[PDB]
Amino acid sequence: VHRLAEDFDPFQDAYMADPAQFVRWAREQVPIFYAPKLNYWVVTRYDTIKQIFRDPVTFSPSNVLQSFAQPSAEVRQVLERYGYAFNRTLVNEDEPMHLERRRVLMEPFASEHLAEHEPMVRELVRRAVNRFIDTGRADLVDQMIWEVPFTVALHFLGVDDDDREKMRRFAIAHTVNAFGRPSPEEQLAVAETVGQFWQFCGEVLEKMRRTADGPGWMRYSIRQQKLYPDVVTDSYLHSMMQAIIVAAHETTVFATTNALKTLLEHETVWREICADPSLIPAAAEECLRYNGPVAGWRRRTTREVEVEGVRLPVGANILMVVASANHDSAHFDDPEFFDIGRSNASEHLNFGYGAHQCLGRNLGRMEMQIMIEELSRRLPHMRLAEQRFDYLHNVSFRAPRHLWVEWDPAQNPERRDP
Ligand code: HEM
C-alpha cells in the first residue's frame, strides 16, 4: 500500500485501460496518497473529488492543461513568432474573473439553443455512415467519430462554410500535449499548428465582427464584448475558438468511442437499444459513468488545506481519478453493474461538478446519442472485430485510438428484405 503509492505512474496501459481498477486499492483503503514520480497528490473517492471540485478558490484549475513534458524553448519561440496570446479560457481560469466571464458567455450553451444544431448533427452522422456502410469492415474512429465533433464545434462557434473547409488541417490531437508527456518533436509539431491556427483565427474574428448579428457563439460573444468591454478582452475572444475546439472535439470522440465499445461488448444491452432506441439517452449516460472518457482531472491548491486528514501545502498538485469516483461503491450501488436503467447515472463526474461544470455537456450528449442511434438503426448486425485496444498515455482522457467493427452489408436493414 506504501509501495503502490511510491510506484504510482499513470503513464502506462493499465491506468489508461481501467483506471478505476488500477487505483481500487486506494479507493478502498488509501483515499489520499502522494505520488513522488508525478509530484501530485492522488484522490480516488467520489465524495473527496466532489469536495475539491466544490471550492474553485482553494482548489484552482490552473494545472488542468499543464503538460508533463519538460518546457520547450523552441515551442516558446514558435508561439511568439505567431503572436500567440491564448488566455486561460474558462476551463483553467481562476476566480473571480472565471465566473464573471462564464455568466456573460454561457447563454448559447442552454439546451433551448443547442436544439437548433440537432439537424446539422443528424446530417453529418448520416453522411459519415453512408461513406462506409457498404464495405463490411470499418474503424469507427477514423471513419466517423474523430471528425464529427470537430465539425460540430465549428458550427457551434458559427464558422462560415469556406472557413470550415480551410480548418480541416487543424483537427489534430491535443490530448498528449496538454495532459501527457509529448516528445520534444510532438511538442514542436503541435506548437507550429497552434500558432498557425492563432493566425487563422485572428482573420476569422475580424470577419465575424463585420457580421456580429449572425449566428454562433463567437458573434454572440462579440455582441457581449460591446455590453461588457471590461470583462471580455480581444485576446480572450481570440482564444475562444481554440478553447471550444479543444473542449468539444477529442472529449466527445473519446466518450462516443468508449460508449460504442461498451454497448457492443454488452451484447444483451446492444440488443435492447436496437429494439428500443428511446433507451439511448439513459444508455449513453451509463456509458459515461461506467466507461467514461475522463480518467483523471486536476487542481492545484492556493492555500494550505486539509484533504482526507492530510494538510496539503500551498501549490500542491492534485490528480482526481474521476473514473475511480464513477466506480465508487460508496456512491454508486453495484458500480461494476453496467445498468442503462441506473437512475443516478448522470451523477458521474466526467463533466466535473460545480463552478466549471462542462458548459457543452448537453451538446456532447446529443452527439453521442445521435451517433449511437444512427449505428444501432443502420448497423444493428455489426460486431466488434478481433483487435488490440491502444490508449494514448496521459492523465486525463482515455479511449482506444481505433474501434474496428464488421458486418454483412447484404444484411444491412436498409437493404434487407421484409
Ligand atoms: C463528452 C464530451 C465532453 C466531456 C467529457 C467534457 C468534459 C469537460 C470537463 C471535465 C470540464 C471541466 C469540468 C470542471 O472543472 O468542473 C469541461 C469544461 C468545459 N467544457 Fe466540456 N466536455 C465535453 C464536451 C464539450 C463540448 C461539446 C463543449 C462545447 C460545445 C464543451 C465546452 C466546455 C467548456 C467551455 C468548459 C469550461 C467551463 C468552465 O470552466 O466554466 N465541452 N468539459
>> Would any residue of the range 168-185 have its amide N under 14 Å from a label point 7 Å out along Cα→Cβ of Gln70? List them or say none.
In response: 182-185
> Kirkwood-based Rg over Rh for the range 110-219 (C-alpha set), two decimals?
Replying inline: 1.02
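So which DSSP H runs in the chain come out at 30 Å plus along the axis (Cα) with average Kyte-Doolittle of at least -1.0?
Values: long enough: 184-210 (40 Å, -0.41); 234-265 (48 Å, 0.44).
Helices passing the filter in the chain: 184-210, 234-265.
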> Once a ≥ b ≥ c are taken as the square roots of the eigenvalues of the Cα gyration tensor of the range 78-145, is the result rounded (a/c under 1.5), prolate (a/b larger than b/c) or oblate (a/b not larger than b/c)?
Replying inline: oblate
> Longest segment of the chain with no GluC sites (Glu not before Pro) in a DSSP loop having at most 16 other Cβ atoms within 10 Å?
Replying inline: 1-303
> Using helices alone, what [θ] at 222 nm do you get for the chain, with -39,500 (n - 2.57) per DSSP H run of 4 or more residues, divided over all residues and rounded to the nearest 500?
Replying inline: -14000 deg cm²/dmol
> Length gain on complete extension for the stretch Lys226 to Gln77, per 0.36 nm per residue less the alpha carbon to alpha carbon distance?
Replying inline: 50.3 nm
> How much FRET efficiency would the formula 1/(1 + (r/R0)^6) give for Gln12 and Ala110, where r is the Cβ-Cβ distance and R0 is 51 Å, rounded to 0.05?
Replying inline: 0.80
> So if we plug the beta-carbon distance of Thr233 and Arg416 into 1/(1 + (r/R0)^6) with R0 = 41 Å, what FRET efficiency do we get, rounded to 0.05?
Replying inline: 0.10
>> Starting from 0.36 nm per residue, how many nanometres of slack lie between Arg168 and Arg311 once their C-alpha separation is accounted for?
In response: 46.7 nm
> Which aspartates and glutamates, on any chain, are close to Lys207 with Cα under 15 Å apart, when same-chain ones fewer than 8 places away are left out?
Replying inline: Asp160, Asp161, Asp162, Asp163, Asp234
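What size of dipole, in debye to the nearest 20, comes out for the chain about its Cα centre when the only charges are +1 on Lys and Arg C-beta atoms and -1 on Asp and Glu C-beta atoms?
For the chain, the charge dipole is close to 700 debye.
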>> Classify the range 271-412 from the C-alpha gyration tensor, please: rounded if a/c falls under 1.5, else prolate or oblate depending on whether a/b exceeds b/c.
In response: prolate
> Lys37: which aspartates and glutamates have alpha carbons under 12 Å from its alpha carbon, excluding same-chain residues fewer than 8 sequence positions away?
Replying inline: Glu6, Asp7, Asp9
>> With every atom except the alpha carbons ignored, what do you get for Rg and Dmax of the chain, in angstroms?
In response: 21.5, 69
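Note: ideal-geometry Cβ built from the backbone for every residue, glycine included; neighbour counts use all protein chains shown. A short reminder: the numbers here are calculations on the coordinates, not readings from a lab.
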